[PDB]
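Chemist: just dropping in an experimental structure and the matching sequence.
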Amino acid sequence: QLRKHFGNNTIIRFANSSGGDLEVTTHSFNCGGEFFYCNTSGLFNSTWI
Amino acid sequence: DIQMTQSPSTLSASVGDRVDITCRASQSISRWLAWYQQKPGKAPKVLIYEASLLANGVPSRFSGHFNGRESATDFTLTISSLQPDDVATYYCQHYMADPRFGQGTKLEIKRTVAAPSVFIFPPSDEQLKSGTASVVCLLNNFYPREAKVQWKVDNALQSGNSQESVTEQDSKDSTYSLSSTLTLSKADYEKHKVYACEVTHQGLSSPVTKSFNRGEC
Amino acid sequence: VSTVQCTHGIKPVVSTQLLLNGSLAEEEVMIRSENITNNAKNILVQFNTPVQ
Amino acid sequence: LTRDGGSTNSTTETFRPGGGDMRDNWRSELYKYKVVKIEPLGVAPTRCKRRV
Amino acid sequence: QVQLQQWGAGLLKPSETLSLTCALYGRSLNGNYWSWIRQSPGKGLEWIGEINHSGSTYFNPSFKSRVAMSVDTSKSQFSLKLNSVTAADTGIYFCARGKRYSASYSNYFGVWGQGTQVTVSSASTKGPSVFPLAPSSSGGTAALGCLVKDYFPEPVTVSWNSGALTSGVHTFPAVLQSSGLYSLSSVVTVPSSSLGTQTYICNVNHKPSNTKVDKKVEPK
Ligand SMILES: *[C@@H]1O[C@H](CO)[C@@H](O[C@@H]2O[C@H](CO)[C@@H](O[C@@H]3O[C@H](CO[C@H]4O[C@H](CO[C@H]5O[C@H](CO)[C@@H](O)[C@H](O)[C@@H]5O)[C@@H](O)[C@H](O[C@H]5O[C@H](CO)[C@@H](O)[C@H](O)[C@@H]5O)[C@@H]4O)[C@@H](O)[C@H](O[C@H]4O[C@H](CO)[C@@H](O)[C@H](O)[C@@H]4O)[C@@H]3O)[C@H](O)[C@H]2NC(C)=O)[C@H](O)[C@H]1NC(C)=O
Ligand SMILES: *[C@@H]1O[C@H](CO)[C@@H](O[C@@H]2O[C@H](CO)[C@@H](O[C@@H]3O[C@H](CO[C@H]4O[C@H](CO)[C@@H](O)[C@H](O)[C@@H]4O)[C@@H](O)[C@H](O[C@H]4O[C@H](CO)[C@@H](O)[C@H](O)[C@@H]4O)[C@@H]3O)[C@H](O)[C@H]2NC(C)=O)[C@H](O)[C@H]1NC(C)=O
Ligand SMILES: *[C@@H]1O[C@H](CO)[C@@H](O[C@@H]2O[C@H](CO)[C@@H](O[C@@H]3O[C@H](CO)[C@@H](O)[C@H](O)[C@@H]3O)[C@H](O)[C@H]2NC(C)=O)[C@H](O)[C@H]1NC(C)=O
Ligand SMILES: *[C@@H]1O[C@H](CO)[C@@H](O[C@@H]2O[C@H](CO)[C@@H](O[C@@H]3O[C@H](CO)[C@@H](O)[C@H](O)[C@@H]3O)[C@H](O)[C@H]2NC(C)=O)[C@H](O)[C@H]1NC(C)=O
Ligand SMILES: *[C@@H]1O[C@H](CO)[C@@H](O[C@@H]2O[C@H](CO)[C@@H](O[C@@H]3O[C@H](CO)[C@@H](O)[C@H](O)[C@@H]3O)[C@H](O)[C@H]2NC(C)=O)[C@H](O)[C@H]1NC(C)=O
Ligand SMILES: *[C@@H]1O[C@H](CO)[C@@H](O)[C@H](O)[C@H]1NC(C)=O
């Protein structure tokens, strides 16, 4: 889908969140009554051609 | 408009030290900031943009930090291990609106003391024929910069009729060079028998004279 | 267009980077932006399948 | 997602997980819904007369 | 590969118009704004304004009353004009690449030209005298060099043996003399053995007068 908006030959890539507070840089969600901040850097580093 | 304040204004550290420079916007810039290195006498070069991303070709020791939130005002550039080449002037700049630079911060490197090798240049006759007969006396590759030079003609103390210039801090070894020129008319030069420069420094044990006597080659 | 007197049930989830337990897109991944040449505006991406 | 604004080579785009404002956790549902006020009174011509 | 070069007037008298040309290499102007920035030691850096391949512009408010910019997409060029110059317009001027069109918050300057120095004064050009600086014989491993004197405006430039000699050179920043004209020296540390083999030439150039000199040092 992003290829449609930005054009077919664009070398699209992901990267993790840059830096700053834990609350803005991470997944910041509640499970079961407990508050989790999780390091999503494992997901966002693919590159595409 | 939105204006940038840097701190500190001047900085020094030794090789292998961490160094931190800070920049503050006069009001919130969401993350639209960049940092530049300027060598003396050259165009600036970008290091960091969006407060935190590296430009291509930047050595990975450079880095940016800020609180990340969309209302930020306070930004930091951290040189995580300083090297002899990092001797330069550093500017932040926002691009929230019209681009405004901060006033710049200068970084000079701290090293061991090293005494000036002193050299004197007896004028070419082509220099004497100017009618402004002049002698150059020179301190090479020394540290710290805080040397001083005196001139003494017929060993009598000169004033005003001599002038100095000082290099950048050398990127290869953090030393400096300083030159002084004795200025005379050819008439005053042709009065006097002896031209002497004398050099004062922290790395010297005692002041060093070098001299030229009219009639020497 | 259809008129209705009430919405479907909407659940007040809270999270940052990924959207959780919300409604999936009908046929394909859909991507939405206010004005896509503006870097200050987030792209919202809605999936067709979940990812567990 | 947020797309970073490099003054860079134009062949590439880098996307980062955006953090985002709290609203987007349910703006992802309220995209389909609009609210309107009825204007039930209206006038139009025709050929009739009130009797007098 | 992507770069720019720039040139134009070096000396201006008060109330004249500055004009500077900037030329790209290795790309077209499309997809980016382009800007001029200037440096002066009393102010640090100032952004003047911006232009694009369409020739539309936007200007820093304090300059909009005196500035103009133009583009020539056929030559890969753009240019700056600044009316009614005063001594306060003295400085170094750089053209630089601005924001990219498809990213509305990207105005940080990735590539810069070599820059050009503008002096705004009534005083006339003068080309340098060049004097060789012979060694003395700390002695035995002394120094030799050249003194460049009474020229205006800056810059002069100095190099050794047609740029073939480089290591152990220093060249001093300029001195404002009693004449109001500039002077400086370039110098190199020498073993007295080298004096028996190298013909020590300083090249000296004063680009504002276009004076070019090759001058030999004498082993007195
Ligand atoms: C998608 O969204 C984007 C973002 O909104 C949008 O881009 C804007 O487009 C409009 C035109 O439609 C631009 O408006 C023109 O801007 C000229 C200069 O603007 C200055 O002020 C801007 C707005 O205010 C901010 O800045 C002021 C201080 O200036 C501050 O106090 C405010 O709080 C506020 O934060 C500002 O954004 C702008 O900064 C941009 O430009 C500089 C230079 O390129 C760059 O450094 C920044 O990074 C940023 O890109 C700048 O500071 C202005 O001259 C022009 O004037 C109009 O009026 C005159 C007559 O008076 C007319 O002759 C002329 O034709 C104009 O009509 C006008 O105001 C706006 O600047 C864009 N914003 C950005 C961030 O780029 C896209 O258009 C949207 N896309 C679509 C398809 O809709
Ligand atoms: C997005 O993705 C990137 C890439 O993975 C992540 O970047 C990594 O971030 C971590 C956390 O900041 C980095 O790890 C830290 O590195 C610091 C710098 O190390 C150098 O300097 C020190 C001090 O001079 C030397 O000791 C060291 O040898 C290096 O020369 C360290 O100071 C940190 O130390 C802390 O952690 C260690 C863990 O063992 C402890 O021993 C210490 O006591 C201390 O607590 C730490 O090591 C990592 O280097 C980065 N990687 C890269 C390649 O840059 C981003 O973090 C990520 N973003 C998010 C939000 O996750
Ligand atoms: C979020 O997760 C990332 C994982 O990528 C954390 O960053 C660092 O990731 C690198 C790999 O990219 C890890 O490398 C290892 O470092 C040790 C350092 O001594 C070295 O011995 C190993 O050979 C290897 O290089 C690194 O451990 C990891 N750093 C940390 C502190 O875990 C990132 O730190 C996480 N985010 C936050 C906010 O901590
Ligand atoms: C995206 O993130 C992953 C995980 O953080 C990165 O994967 C790691 O990439 C390196 C370099 O390509 C791999 O090679 C080498 O492995 C050996 C043995 O572990 C190690 O000694 C070397 O230092 C080096 O890391 C590494 O195996 C790989 N790790 C895993 C767990 O697969 C990846 O590089 C990131 N970037 C991209 C573009 O994918
Ligand atoms: C979502 O879909 C709608 C259409 O269903 C897209 O609407 C777009 O509306 C703009 C309005 O500015 C059109 O762009 C330009 O408008 C000016 C006049 O204002 C005109 O002179 C230009 O020639 C140009 O038409 C645009 O054509 C129209 N359609 C498209 C394909 O964008 C909207 O942009 C879509 N948004 C996203 C994020 O997909
Ligand atoms: C991009 O790819 C789509 C799907 O094949 C096609 O419809 C479109 O014409 C392509 N555009 C370009 C410029 O390649």
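Modeler: Noted; the coordinates are in hand. Numbers count the residues shown, from 1 in each chain, chains lettered A, B, ... in the order given. Ligands and ions are numbered 1, 2, ... in the order given.
Chemist: name the residues that touch stretch E:203-220?
Modeler: Applying CB atoms under 8 Å, 6 or more residues apart in numbering or on different chains, the contact partners of stretch E:203-220 are B:122, B:124, B:126, B:217, E:10-11, E:125-128, E:130, E:132-135, E:144-146, E:148, E:151-160, E:162-163, E:195, E:199-202. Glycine gets a C-beta too; all of them are placed from N, C-alpha and C.
Chemist: sitting in helices, which of these do you find?
Modeler: Counting by DSSP state H, the part of the contacts of stretch E:203-220 found in helices is residue B:126.
Chemist: wasn't residue E:15 part of a helix?
Modeler: No: going by DSSP: H, G, I helix; E, B strand; the rest coil, the assignment for residue E:15 is coil, not a helix.
Chemist: ramachandran angles for it?
Modeler: Phi and psi for residue E:15, reported as degrees, to the nearest 10, are phi 70, psi -10.
Chemist: ok, the residue nearest to it when sequence neighbours are not counted - contacts?
Modeler: In space, and not counting its chain neighbours, residue E:15 is closest to residue E:84: 5.5 Å by CB to CB, 6 or more residues apart in numbering or on different chains. By CB under 8 Å, 6+ apart, the contact list for residue E:84 reads E:15, E:16, E:17, E:66.
Chemist: pretty sure the first one sits against residue E:87.
Modeler: No: between residue E:15 and residue E:87 no contact is recorded; they are 11.2 Å apart, counting by CB atoms under 8 Å.
Chemist: I'd like to know how many residues surround residue 6.
Modeler: Defaulting to chain A. 15 (other CB atoms under 10 Å in any protein chain shown).
Chemist: sorry, should have said chain D
Modeler: Neighbours around residue D:6, by other CB under 10 Å: 21.
Chemist: and for residue E:18?
Modeler: 20.
Chemist: hmm, back to that, only whichever of the contacts of stretch E:203-220 are buried, select them in PyMOL.
Modeler: Of the contacts of stretch E:203-220, the buried ones go into a single PyMOL selection, burial set by 16 or more other CB atoms under 10 Å in any protein chain shown:
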select buried, (chain B and resi 122+124) or (chain E and resi 10+11+126+127+128+130+132+133+134+135+144+145+146+148+151+152+153+154+155+156+158+159+160+195+200+201+202)
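Chemist: restricted to strands, list the contacts of stretch E:203-220.
Modeler: E:11, E:130, E:132-133, E:144-146, E:148, E:151, E:157-160, E:201-202 (DSSP state E).
Chemist: residue of chain D closest to chain B, please.
Modeler: residue D:4 (6.1 Å; CB to the nearest CB).
Chemist: report the secondary structure element holding the residue in chain E positioned nearest to ligand 1.
Modeler: Relative to ligand 1, the nearest point of chain E is residue E:107 (3.3 Å; CB to the nearest ligand atom). Using DSSP states H and E, residue E:107 sits within no helix or strand.
Chemist: so who does it touch?
Modeler: By CB under 8 Å, 6+ apart, the neighbours of residue E:107 are B:95, B:99, D:7, E:33, E:98, E:99.
Chemist: can I get those residues in CSV with distance to residue A:20?
Modeler: Formatted as CSV, those follow (distance: CB to CB, whole Å):
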residue, distance to residue A:20
B:95, 19
B:99, 23
D:7, 22
E:33, 29
E:98, 27
E:99, 24
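Chemist: among those residues, which ones are in helices?
Modeler: Reading helices off those, I find no matches (DSSP H).
Chemist: quick one: buried ones out of those?
Modeler: By 16+ other CB under 10 Å, the contacts of residue E:107 give B:95, B:99, D:7, E:33, E:98, E:99 as buried.
Chemist: for the residues you listed, which one is nearest chain C?
Modeler: Nearest member of the buried ones among the contacts of residue E:107 to chain C, counting by CB to the nearest CB, is residue E:99, at 10.1 Å.
Chemist: I'd say that closest one and residue E:32 touch.
Modeler: Yes: assessed by CB under 8 Å, residue E:99 is found in contact with residue E:32 at 6.9 Å.
Chemist: which residues do the two both contact?
Modeler: Joint contacts of residue E:99 and residue E:32 (CB under 8 Å, 6+ apart) are residue D:7.
Chemist: show me where chain A has helices.
Modeler: A:2-6, A:22-25.
Chemist: the longest one and chain C in contact?
Modeler: Yes: interface with chain C: helix A:2-6 contributes A:2, A:5 (CB under 8 Å from any CB of the partner chain).
Chemist: can you get me a residue count around the residue lying closest to residue B:136 once chain neighbours are set aside?
Modeler: Take residue B:136 and drop its neighbours on the chain: the residue closest to it by CB to CB, 6+ apart is residue B:121, 4.1 Å away. By the measure other CB under 10 Å, the count of residues near residue B:121 is 31.
Chemist: of all residues in chain D, which one is closest to chain E?
Modeler: Closest point on chain D to chain E, by CB to the nearest CB, is residue D:5, at 4.0 Å.
Chemist: report whether the helix or strand harbouring residue E:50 contacts chain D.
Modeler: Counting by DSSP H and E, the element that carries residue E:50 is strand E:44-51. No: shown here: strand E:44-51 not in contact with chain D (CB under 8 Å from any CB), separated by at least 12.4 Å.
Chemist: show me what the following helix or strand past that strand is packed up against.
Modeler: As assigned by DSSP H and E, the chain's next helix or strand after strand E:44-51 is strand E:57-59. With contacts defined as 3 or more CB pairs under 8 Å, 6 or more residues apart in numbering or on different chains; DSSP states H and E, the packing partners of strand E:57-59 are strand E:44-51, strand E:67-72.
Chemist: what residues of strand E:57-59 count as buried?
Modeler: Under 16+ other CB under 10 Å, the buried positions of strand E:57-59 are E:57, E:59.
Chemist: up against chain C, what does chain E have?
Modeler: Counting by CB under 8 Å from any CB, chain E sits next to chain C at E:101, E:102, E:103, E:104, E:105, E:106.
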